[PDB]
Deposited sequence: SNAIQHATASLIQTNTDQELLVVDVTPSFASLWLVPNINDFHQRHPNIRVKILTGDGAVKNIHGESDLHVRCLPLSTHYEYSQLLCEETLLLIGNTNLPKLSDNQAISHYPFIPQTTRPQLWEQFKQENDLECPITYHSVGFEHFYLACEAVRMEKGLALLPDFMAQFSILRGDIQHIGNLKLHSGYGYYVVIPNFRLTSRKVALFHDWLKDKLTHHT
């Protein structure tokens, strides 16, 4: 048994869609998926979203965070973008301010802590959201949401694998980590 602890949205928007491929590779390893977004005993490996840095401590960068502009599949295909409400993500308020800077507003009246909630709000046609590319990928593929106007944002964040010191030589952990690296480099 491998216990992994990953962000609430990393879990539903990427890991659950992709984990079948890990099980194809290593059928003998059952996985318990926990969720969390705070500071990093129960889990064997964590995935967290942190400002890009070299000074974190048993960690390895999986991938830099690149956000896509997403909207409902009903939206038609420059700054007609401004006609739609922007969905606030309350943990990441700089994102829309940065977007206003990558380019160029009414904010939707509900703000959300997590990407997966913002994604659900886009499915509810409440406005546009910024979602990490790898998280949007399956949802776009299956027709839940669409990428609006090929617009993106480099946020200055990354997804890191963080491993408890005693797990640094655990085989199950190194196998999952290598798998993550393979899919998300």
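Residues of the deposited sequence that lack C-alpha coordinates fall in the stretches 1-19, 60-63, 101-103, 131-134, 216-218.
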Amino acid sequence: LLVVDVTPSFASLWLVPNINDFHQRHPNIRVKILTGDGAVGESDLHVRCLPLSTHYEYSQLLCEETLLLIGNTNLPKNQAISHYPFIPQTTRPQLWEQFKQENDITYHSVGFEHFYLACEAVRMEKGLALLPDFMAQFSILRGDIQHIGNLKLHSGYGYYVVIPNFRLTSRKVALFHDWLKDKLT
From here on, numbers count along this sequence of modelled residues.
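Looking at mean Cα B-factors across 160-168 and 20-28, the upper value is held by 20-28. Mean CA B-factor, 135-143 versus 29-37: the higher value falls on 29-37.
In the PDB entry, a CA B factor belonging to the lowest third of its chain's modelled residues is recorded for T66. In the deposited entry, the Cα temperature factor of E42 places it in the highest third of its chain's modelled residues. The entry lists a Cα temperature factor for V4 that places it in the middle third of the chain's modelled residues. Per the PDB record, residue ranking by Cα B-factor puts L130 in the lowest third of the chain. Residue-level temperature factors show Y56 in the highest third of its chain, judged at the C-alpha atom.
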